[PDB]
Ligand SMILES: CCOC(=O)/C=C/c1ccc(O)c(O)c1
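To begin, one chain is listed below as structure tokens, in the form deposited without the ligand.
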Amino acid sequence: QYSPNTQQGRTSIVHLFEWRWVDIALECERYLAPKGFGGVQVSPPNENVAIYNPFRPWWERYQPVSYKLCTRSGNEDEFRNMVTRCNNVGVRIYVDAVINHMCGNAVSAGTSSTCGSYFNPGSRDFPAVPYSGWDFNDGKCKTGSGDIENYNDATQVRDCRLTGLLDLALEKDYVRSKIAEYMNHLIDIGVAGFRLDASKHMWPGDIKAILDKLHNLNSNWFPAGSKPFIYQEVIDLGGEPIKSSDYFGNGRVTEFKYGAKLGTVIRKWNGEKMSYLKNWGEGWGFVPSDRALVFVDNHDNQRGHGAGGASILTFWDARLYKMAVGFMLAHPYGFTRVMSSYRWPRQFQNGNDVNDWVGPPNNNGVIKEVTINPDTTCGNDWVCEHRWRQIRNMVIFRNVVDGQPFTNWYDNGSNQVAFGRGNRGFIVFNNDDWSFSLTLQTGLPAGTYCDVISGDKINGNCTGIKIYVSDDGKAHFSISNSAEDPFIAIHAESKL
């Protein structure tokens, strides 16, 4: 469960948040495969509640109605087409599995679902699965409200309703089997792994019992014995009885401390400095690298809906964001996930975004297709951070330096640092309020390298900054604090 199952050489996954299956399929062939992306995390593919108040919020997809592959992203045919086309070009698909709960207990009964399936939260009836009152934790939960009230009580966190979401009785074989049926359906279609949503709200043992029922990956694409990649969504920032390490026996875990701390460092909050990143990784109290799924921001916390808090960097903070993502992609710690979002009318009131519920770009509820601009950017309000030169080129940087050790670290005791990856790559950052100009040891072979942040390597030439490495591996770097991107990155595949 710990291996991503990506093609050899591809080291990252991208979250194509709320994208339609047909658009992801095309993206796999026209950009992800050629650019070396390892895979795609897709939004929940199972039928969810259609919420009209507010109008089709993104979070409606985290309120299951059934396991039918029928959503605003598409139907089963479209989903299968996407998984097949992506796998055929060496790009994997990871499913956001919402298996801890069904929809909110107060949601109105009826057919307001993405596939028209009938459901009655009040009577705990979900005939399309089917689930009944016997399949929920109503009688197991000991809180007065029936919802989670205290995170200091590890039991209620798992047996009670997360903000009212009907909590499935994961200890029952029937429920475990229905969930396994859904996940095996996806694995047989070709999915390479899963993000287990709300894993903190599930007992480690229950998750294991479910994972024990899963199939090996489809043998038409994967070698015999391949196990689905499992990364559990556990928000553990410390100070709680439940720890992310409690889930290591099931697969990897999302390390939310990563983006929270990186954000505070790059923002220079509380006096934090980039020079402190020298021992980045386990030294900062993070989970072991081989159990970490890292990211700068996710679909939740990029809109103040998750951990990390206000320190989280997002596309809204483009300049600092690119630097944070660049550092993450260059550093060897963990398995990296890049975020791809959509723009929404952010409206802050008293420090809170009143429009943080807004769903994907749409026309009368129908998700807009992803249009590509002549400059390779996206239209229809899709941000497509993964297409930003500074991010895409760093995704490739990580591939090129895969396996190389963290070395040749340098820092000015403030916010100017640099480091290399063996003899395959080198990166320099200037996050201080003054310019940077110094000759550093890159550990790279002599030659002329193209900076992949300010430009690209095209036909034996660089479109941006050029770096000259001497016979001793030394090279001069100049970065103004006024530069569009205050960091430079060069690697073996950017050499002239």
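Throughout, we count residues from 1 along the sequence that is shown. We call the rigid core whatever largest set of C-alpha positions still superposes within 1.5 Å between the two forms.
Undergrad: Per the entry, where is the mean C-alpha temperature factor higher: 161 to 169 or 371 to 379?
TA: The deposited B-factors put 371 to 379 ahead on the C-alpha mean.
Undergrad: Mean C-alpha B factor from the entry: is it higher for 291 to 299 or for 350 to 358?
TA: The stretch with the larger average C-alpha B-factor is 350 to 358.
Undergrad: Using the entry's values, work out which of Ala180, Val83, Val417, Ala307 has the largest Cα B factor.
TA: Spelled out: the listed residue with the top C-alpha B-factor is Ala307.
Undergrad: Quick one: which of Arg252, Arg124, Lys208, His331 has the biggest Cα B-factor according to the entry?
TA: Comparing C-alpha B-factors across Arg252, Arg124, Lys208, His331, the maximum falls on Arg124.
Undergrad: Can you tell me whether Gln156 has a C-alpha B-factor in the lowest, middle or highest third compared with the other modelled residues of the same chain?
TA: Its C-alpha B-factor belongs to the middle third of this chain's values.
Undergrad: Pull the Cα B-factor of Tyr174 out of the PDB entry and bin it into the chain's lowest, middle or highest third.
TA: For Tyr174, whose C-alpha B-factor we compare with every modelled residue in the chain, the answer is the middle third.
Undergrad: Where does the C-alpha B-factor of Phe17 rank in its chain, lowest, middle or highest third?
TA: According to the entry, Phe17 has a C-alpha B-factor in the chain's lowest third.
Undergrad: Considering only modelled residues of the same chain, in which third does the CA B-factor of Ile467 rank: lowest, middle or highest?
TA: For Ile467, whose C-alpha B-factor we compare with every modelled residue in the chain, the answer is the highest third.
Undergrad: Ordered by C-alpha B-factor within the chain, which third holds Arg61? Give me lowest, middle or highest, please.
TA: For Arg61, the deposited C-alpha B-factor lands in the lowest third.
If you look for the form deposited with the ligand bound, you will not find it shown, but the lines that follow are about it.
Undergrad: Among 324 to 332, 421 to 429, 249 to 257, 395 to 403, which stretch has residues with heavy atoms no more than 4.5 Å from the ligand in the deposited bound form?
TA: That would be 249 to 257.
Undergrad: Ok, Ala33, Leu440, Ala50, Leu26: which has a heavy atom sitting within 4.5 Å of the ligand in the deposited bound form?
TA: If I apply the 4.5 Å criterion carefully, the residue I get is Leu26.
Undergrad: Among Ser414, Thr407, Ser245, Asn120, which has at least one heavy atom within 4.5 Å of the ligand in the deposited bound form?
TA: Exactly one listed residue reaches within 4.5 Å, namely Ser245.
Undergrad: Using 4.5 Å between non-hydrogen atoms, is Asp138 touching the ligand in the deposited bound form?
TA: Judged by the heavy-atom cut-off of 4.5 Å, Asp138 is well away from the ligand in the deposited bound form.
Undergrad: Answer with yes or no whether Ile372 is in contact with the ligand in the deposited bound form, where contact means some heavy atom within 4.5 Å.
TA: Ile372 belongs to the contact set for the ligand.
Undergrad: Against the ligand in the deposited bound form, would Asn184 count as a contact residue? Criterion: heavy atoms within 4.5 Å.
TA: No, no contact at 4.5 Å.
Undergrad: Would you check, heavy atoms only and a 4.5 Å threshold, whether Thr143 touches the ligand in the deposited bound form?
TA: Looking in the deposited bound form, residue contacts with the ligand do not include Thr143, since no heavy atom lies within 4.5 Å.
Undergrad: If we check the ligand in the deposited bound form, which of the residues in 2 to 24 reach within 4.5 angstroms of it by a non-hydrogen atom?
TA: Heavy-atom contacts within 4.5 Å come from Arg20, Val22, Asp23.
Undergrad: Select from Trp134, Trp284, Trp269, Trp316 the only position whose Cα moves 2 Å or more between the shown form and the other one when the core is aligned.
TA: So the residue whose C-alpha moves 2 Å or more is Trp316.
Undergrad: Please check if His215 moves between the shown form and the other one, taking a CA shift of 2 Å or more relative to the superposed core as movement.
TA: Result for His215: no, shift under 2 Å.
Undergrad: Can we say the CA of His299 moves by at least 2 Å between the shown form and the other one when the core is superposed?
TA: For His299, whose C-alpha is compared between the shown form and the other one after core superposition, the shift is 2 Å or more.
Undergrad: Superposing on the rigid core, is the Cα displacement of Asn352 between the shown form and the other one 2 Å or more?
TA: After core superposition, the C-alpha of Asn352 moves 2 Å or more between the shown form and the other one.
Undergrad: Your call: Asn270 and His299 CA atoms, closer or farther in the deposited bound form versus the shown structure, by 3 Å or more?
TA: Note: Cα gap between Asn270 and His299 shrinks in the deposited bound form.
Undergrad: Have a look at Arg20 and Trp316: in the deposited bound form, are their Cα atoms closer together or farther apart than in this form, given the change is 3 Å or more?
TA: Farther apart, which means the C-alphas of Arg20 and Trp316 are at least 3 Å more distant in the deposited bound form.
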